[PDB]
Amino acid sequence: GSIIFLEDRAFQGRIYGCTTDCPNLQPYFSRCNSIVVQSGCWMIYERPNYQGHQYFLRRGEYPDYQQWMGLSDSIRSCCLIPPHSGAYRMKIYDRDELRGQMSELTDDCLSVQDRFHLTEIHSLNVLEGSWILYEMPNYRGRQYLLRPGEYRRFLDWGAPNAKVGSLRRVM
């Protein structure tokens, strides 16, 4: 994995590269307005120690922070999402604490509404693989990284509420 952070838009100014997880990028740059992801799947963060708004980035060029649907030029931490072989799987619930109706998901989902007839997911259990949860359909809006494990409440993935629009396997 290799991600390159660059100070200004259209890839100009100082460039700084990371081949692995970094809890605080603040000592290396005061802002980031474009990024080149050479390899790997990455989640970058607005604040140090993986806090704040999250953003998912895959191989490719990002000429401005809006390219990764960012909200500002502040990126202070990043992590390389661990590769994964095999299948992906998770169960979603319409109640918290893994209560309510359960649904199986083993592939991508552009519209939680269409697939599950749900506007909100109050709890879920990621069994295999890493995923990205989006507040809006078609992988838009606020993003939250999901690692294998239990998520008993929407607080567990960091969202302000239980509204969920789409789910994407990280690959």
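Position 1 is the first residue in the sequence shown; the rest follow in order.
- Note on 115-123 vs 131-139: mean CA B-factor is higher in 115-123.
- Among the modelled residues of its chain, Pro48 has a C-alpha B-factor that falls in the highest third according to the deposited record.
- Per the PDB record, residue ranking by Cα B-factor puts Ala159 in the lowest third of the chain.
- When the modelled residues of the chain are ordered by their C-alpha B factor, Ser74 lands in the lowest third.
- Per the deposited record, the Cα B-factor of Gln26 falls in the highest third when ranked against the other modelled residues of its chain.
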